[PDB]
């Protein structure tokens, strides 16, 4: 399985940005730089495991476009995997955390807008999450002093719908603990249910209401 191999490759970080002159600038939990920093560590991994399974990998040449990684065996080109990399922080190790998962007004509702390949062609939508515990340049010899943005990184690979939640922030994911994301304990019964909730989200506001609405 590309999937079990892949996730077990993720199971086994940043000091700052480095210049050509070897000068290092710390980053320290200041803003969105950490999502770009996270996808960077993953690109190599997604690539070695795919290759060792005969899978192509691809990225949105047209920059802003879903998903970060499109995978597929040339033989059966029509079954494509969507792999998005999301990241979130936790100030308290062992507290519940949240993620954002992409828009619901575009490709989930249109089919073609803002996606690398048409939605109908992807058979799986995986999510790679990192939960990192929140906590004048430097030399190459100062790596162990440079004020790090976080201390501890956790990752999980889970299908998108499984962890999707019922509240917008751009879809918000469930509000659970690291374990619930790994375990796969979301709130939707089927992905059919997840698609229908988010496509019709113009009646209902949360899952109870929703399920009543389908009556």
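Numbering follows the first chain given and starts at 1.
The modelled chain breaks after residue 12 and resumes at residue 13, leaving 4 to 9 residues of the deposited sequence without coordinates. Unmodelled deposited residues between residue 202 and residue 203: 4 to 9, per the record. Of the two segments, 108-116 and 76-84, the one listed with the higher mean B-factor is 108-116 (C-alpha atoms only). As listed in the deposited structure, the average C-alpha B-factor of 149-157 and of 53-61 is greater for 53-61. Per the PDB entry, 47 shows the highest C-alpha temperature factor of the residues 190, 70, 173, 47. Comparing the listed residues 185, 43, 177, 32, the entry records the largest Cα B-factor for 32.
Per-chain ranking of the deposited C-alpha B factor places residue 143 in the lowest third.
Among all modelled residues in its chain, residue 135 ranks in the highest third by Cα B-factor. Ranked within its chain, residue 24 lands in the middle third, by CA B factor from the PDB record. Among the modelled residues of the chain, residue 168 sits in the highest third by CA temperature factor in this PDB entry.
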